[PDB]
Amino acid sequence: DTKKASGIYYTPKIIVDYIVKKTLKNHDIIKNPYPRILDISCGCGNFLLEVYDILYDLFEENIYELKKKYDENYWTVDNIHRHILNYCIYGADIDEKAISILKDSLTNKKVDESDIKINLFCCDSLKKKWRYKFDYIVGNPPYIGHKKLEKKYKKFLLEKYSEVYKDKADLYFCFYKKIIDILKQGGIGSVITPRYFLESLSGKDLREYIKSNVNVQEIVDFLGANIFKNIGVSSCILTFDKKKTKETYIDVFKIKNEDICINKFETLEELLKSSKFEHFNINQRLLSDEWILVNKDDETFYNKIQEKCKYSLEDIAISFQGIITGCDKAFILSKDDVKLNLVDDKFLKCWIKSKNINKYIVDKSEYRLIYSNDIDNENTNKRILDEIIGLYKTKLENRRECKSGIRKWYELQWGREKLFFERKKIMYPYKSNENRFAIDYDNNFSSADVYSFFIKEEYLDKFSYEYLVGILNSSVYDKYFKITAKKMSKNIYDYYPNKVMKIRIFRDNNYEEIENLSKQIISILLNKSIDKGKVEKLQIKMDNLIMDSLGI
DNA sequence: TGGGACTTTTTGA
DNA sequence: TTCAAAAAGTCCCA
Ligand SMILES: CC(C)N(CCCNC(=O)Nc1ccc(C(C)(C)C)cc1)C[C@H]1O[C@@H](n2cc(Br)c3c(N)ncnc32)[C@H](O)[C@@H]1O
Ligand SMILES: [K+]
Ligand SMILES: [K+]
C-alpha cells in the first residue's frame with residue numbers, strides 16, 4: 001500500500017471542521033473541564049489537531065470562571081496546553097510513523113518543562129483492551145471490503161465482531177461497533193464513512209446495532225458526490241449520541257446536485273442549509289431492517305405503490321446471476337475472431353455486456369462464450385485447450401475451485417445451468433443510471449454484470465414479459481426503485497436481485513393497454529429504419545396509464 | 001488532473 | 001455442490 005503518504009485519504013478540512021464542531025459546539029466546559037475526545041483512526045491527526053484548537057479556545061474563553069470554580073492555581077492560560085494533552089486528546093492508529101508525526105505536531109502546538117504524556121496509542125483499535133469510555137469520538141475509519149481484507153484478520157472479525165460483520169461486510173462496520181461500544185453514556189460520536197451500509201444487504205446487522213444502541217442525531221448523505229478526490233467512494237457523515245431523550249427523530253440532509261464542489265462555501269453548514277441540499281426528518285422508532293430515508297412526498301408515493309401492488313417479482317419470477325468464468329479473457333472472443341473456427345458451434349454461446357442492455361431490447365451480441373464445461377475429454381478438442389483456453393492456464397489454475405480440484409483447469413468457474421439462459425427471459429444491467437429491463441429472445445449469456453429472470457409457469461397467465469418490461473421501464477418504476485435502491489457512484493445505482501426482486505407489481509384494467517403499448521414500442525425498436533420519437537410518445541402514454549393505475 | 005463510460009472474479013455462505 | 005454480493009471501483013482522455 002503506502003499510498004497514504006500521497007494524501008488521497010486526507011479528509012477535507014470543511015468536513016473535519018463540521019464534525020468537530022458537531023461534537024463539541026455545546027459542551028459545558030465549566031461543568032466538565034475533563035472531556036475525553038478520541039479518534040481511533042487518527043492517522044496524522046486531521047481531526048485531533050482541530051480538536052486541540054477548538055479545546056484551546058473553549059478553555060481560554062472561560063479560564064477565569066474555571067479558576068474561580070476550581071483550583072485557582074491549576075487553571076491558567078499557560079497551563080491550558082498541558083491540561084489538554086494530559087486529559088482531553090486521545091488518538092489510536094496502527095501506523096507507528098503516523099503516531100510519531102501526530103505526537104510531534106501536538107507537542108509543537110505550544111513550543112523546558114519536565115514531560116507531557118500524550119495519550120496516543122499505536123495499536124489495533126479493534127483489538128485494544130480499552131480501559132475507559134469516552135465523551136466524544138470523531139474520525140474517518142478505514143474502509144476495506146471482503147476481497148481486499150486479509151484472511152487471518154477476516155477470521156478474527158468473523159469470530160469477534162459477528163454482531164455487525166459477516167459474509168460480504170466491511171471493516172468500517174466493526175469500527176462503527178467499537179465506537180458505539182466505548183462511547184460514554186451521554187456521549188456524542190460523529191464519523192465520515194461510506195454511505196453503502198445505509199442501503200446494502202450486508203449492512204443490515206450494522207443498521208440494527210446502531211438503531212438499538214444509539215440515538216442517531218443526523219445523517220449527511222452526499223450520494224454519488226466525489227468528496228474524496230481521486231477516490232472511488234461515496235461518503236456520508238453520521239452523528240449519534242447516547243443521551244437519554246424521548247425524541248427519536250433524525251435530521252437527514254440529502255444532497256440534490258452531485259456535481260457540486262464541496263469548497264463552494266467556507267463551512268459545511270452553509271452548504272447544508274443551501275438549496276444544494278434537502279432536509280427532512282425520520283422517526284428512528286419507525287425504522288425497519290431497511291432505512292427508507294426520503295421526504296414526505298416520496299414516502300407517500302412509495303407507500304401508495306407498496307399498498308396497491310399485491311405481487312412482487314420474487315413471487316412470480318425465478319432470478320439468477322450470470323456466468324462467472326473466473327477468467328473472461330480465456331473464454332470470451334469476438335464473434336469475428338478466427339480462433340472460433342477451432343471451436344464447434346455447439347460450444348459457442350452469444351455473450352453480452354451490461355452496455356448491450358437497453359430498455360425493452362438487447363443489442364445484437366458481438367462476443368462469444370466458449371462453454372468449456374461441455375468439453376468431455378482433454379484429448380478431444382485438444383486444439384481448443386492448447387490454442388485458446390490454455391493461453392491463460394496458470395491464471396485459470398489459480399482459481400479457488402481449480403486449486404481444490406472441484407473444477408478442471410479449463411472449465412468455467414461458475415457455469416450455472418445452460419437451460420436457464422437458453423430461453424425467453426428478461427435481462428437488466430447490474431449497475432445503471434436508470435431502469436433498463438429488456439426481453440431477451442436470442443438466448444444470450446452474460447457475466448455477472450447482467451442479471452436475468454424468467455416468469456414462473458403458474459404466473460404466465462397473469463403476467464407476460466411484454467407487460468413486465470412496460471411497467472418496469474416506466475418513469476414511475478424508475479423513481480419507485482431508486483427510492484430504496486443502493487446508490488453506488490455518480491449516476492449509478494446497483495440493480496441487484498436483493499433489491500430488484502423486491503419490486504412490487506400490480507394487475508388491473510389497464511393491463512391490456514399497457515401491454516399493447518409495450519408491444520408497439522418493441523416492434524418499433526426492432527425495426528430497420530428506427531425512429532424513437534414515437535417510442536417516447538408511447539412511453540409517455542404508458543406512464544400516464546401506470547400513474548392512473550397506482551393513483552399517484 | 002478531474003470527469004465520464006463501463007464494469008471481474010473473488011468470496012462467504 | 002453451487003448460489004449471489006461486493007465499489008477507499010477501474011480505466012481512459014481532454
Ligand atoms: C489511510 C486511510 C484509508 N484511513 C484513515 C485516514 C488516515 N489519515 C491519514 O492522514 N493517514 C496517514 C497518512 C500518512 C501516513 C504516513 C506517516 C505514512 C505519511 C500515515 C497515515 C486509515 C487510517 O486508519 C488507520 N488504521 C487502519 C487499520 Br486496519 C487500523 C486499525 N485496525 N486500528 C487502528 N487504526 C487503524 C491507518 O493506519 C490509517 O491511518
Ligand atoms: K477557586
Ligand atoms: K463518488
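Order of the sequence lines fixes the chain letters, A, B, ..., with proteins taken first and strands second; residue numbering starts at 1 for each chain.
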Could you report the tightest heavy-atom contact between [X] and [Y], atom names first, then the distance?
X: A/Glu401; Y: A/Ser404; value: O-OG, 3.2 Å
X: A/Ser125; Y: A/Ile40; value: OG-O, 2.9 Å
X: A/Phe197; Y: A/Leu206; value: CD1-CD2, 3.7 Å

Considering just the side-chain nitrogens and oxygens of [X], establish if one lies under 4.0 Å of OP1 or OP2 belonging to [N].
X: A/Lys431; N: C/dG9; result: no
X: A/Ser202; N: C/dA6; result: yes
X: A/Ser354; N: B/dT7; result: yes
X: A/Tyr430; N: C/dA7; result: no
X: A/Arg416; N: C/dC3; result: yes
X: A/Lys490; N: B/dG3; result: no
X: A/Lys154; N: B/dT10; result: no
X: A/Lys486; N: C/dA7; result: yes

Does a salt bridge link [X] with [Y], judged by any charged N lying under 4.0 Å from a carboxylate O?
X: A/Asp95; Y: A/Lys4; result: yes
X: A/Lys204; Y: A/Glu208; result: no
X: A/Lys418; Y: A/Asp374; result: yes
X: A/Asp181; Y: A/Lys177; result: yes
X: A/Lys456; Y: A/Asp315; result: no

Regarding [X], tell me which of base, sugar-phosphate or nothing describes its non-hydrogen contacts under 4.0 Å with the strands shown.
X: A/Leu201; answer: sugar-phosphate
X: A/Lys395; answer: sugar-phosphate
X: A/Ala169; answer: nothing
X: A/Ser234; answer: nothing
X: A/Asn140; answer: base
X: A/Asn498; answer: sugar-phosphate
X: A/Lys355; answer: sugar-phosphate
X: A/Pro497; answer: sugar-phosphate

Every protein N/O lying under 3.5 Å from an N/O of nucleotides 10-13 of chain C:
unit_1: C/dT10; atom_1: OP2; unit_2: A/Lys148; atom_2: NZ; d: 3.2

Kindly say whether, by distance alone, the side chain of [X] makes a donor-acceptor pair under 3.5 Å with the base of [N]?
X: A/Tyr496; N: C/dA6; value: yes
X: A/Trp414; N: C/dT1; value: no
X: A/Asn226; N: C/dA8; value: no

On DNA chain C, nearest-nucleotide positions of A/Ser489 versus A/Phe320: which is more 5'?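 That would be A/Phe320.
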For A/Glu401 and A/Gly203, find the nucleotide of DNA chain C closest to each by heavy atoms; which residue's nucleotide sits nearer the 5' end?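 Final value for this comparison: A/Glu401.
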Would A/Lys128 count as a cation-pi partner of A/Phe121, with NZ or CZ less than 6.0 Å from the six-membered ring centre and within 45° of the ring normal?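 Geometry flag: set, cation within 6.0 Å and 45°.
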Find out whether the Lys NZ or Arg CZ of A/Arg416 is both under 6.0 angstrom from the six-membered ring centre of A/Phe320 and within 45° of the ring's axis.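 No - A/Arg416 does not lie over the ring of A/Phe320 by the 6.0 Å and 45° rule.
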Looking only at atom [atom1], what distance separates [N] and [M], rounded to whole Å?
N: B/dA13; M: C/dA8; atom1: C1'; result: 26 Å
N: C/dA14; M: B/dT7; atom1: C1'; result: 22 Å
N: C/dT10; M: B/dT11; atom1: P; result: 13 Å
N: B/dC6; M: C/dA7; atom1: P; result: 23 Å

Which nucleotide in the list [options] gets nearest to the side chain of [X]?
X: A/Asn230; options: B/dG2, B/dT9, C/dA8; answer: B/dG2
X: A/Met488; options: C/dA6, C/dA7, B/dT8; answer: C/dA7
X: A/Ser200; options: B/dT10, C/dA7, C/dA8; answer: C/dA7
X: A/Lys147; options: B/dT11, B/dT7, C/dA8; answer: B/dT11
X: A/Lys353; options: C/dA6, B/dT8, B/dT9; answer: B/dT8
X: A/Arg400; options: C/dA8, C/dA5, B/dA13; answer: B/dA13

Treating A/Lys254 as the side-chain partner and A/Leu293 as the backbone partner, does any N or O pair qualify as donor plus acceptor under 3.5 Å?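 Side chain of A/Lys254 to backbone of A/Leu293, a donor-acceptor pair under 3.5 Å: yes, one is there.
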Check for me whether B/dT7 and B/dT8 meet both conditions: six-membered ring centres under 5.5 Å apart and planes under 30°.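 Not stacked, because at least one condition fails for the base rings of B/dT7 and B/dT8.
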Would C/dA6 and C/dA7 count as a stacked step, six-ring centres under 5.5 angstrom and planes under 30 degrees apart?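 Between C/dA7 and C/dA6 there is no base stacking, as the criterion is defined here.
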Grab the NZ-P distance between A/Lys151 and B/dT10 for me, whole Å please.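 Taking atom P of B/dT10 as the reference, NZ of A/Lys151 is at 11 Å.
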Dot-bracket assigned to DNA chain B with the 3.5 Å Watson-Crick/G-U criterion, [ ] for crossing and | for other-strand pairs, is |||||||.|||||
Strictly under 6.0 Å, is that where the ring centroids of A/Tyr172 and A/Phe175 end up?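 No - the distance between ring centres of A/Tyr172 and A/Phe175 does not fall below the 6.0 Å cut-off.
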What about A/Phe481 and A/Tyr493, are their ring centers closer than 6.0 Å?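 Ring-ring flag for A/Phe481/A/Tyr493: false, centres at least 6.0 Å apart.
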Sign of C1'-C2'-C3'-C4' at C/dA4: does that make it north or south?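 Negative torsion, so south.
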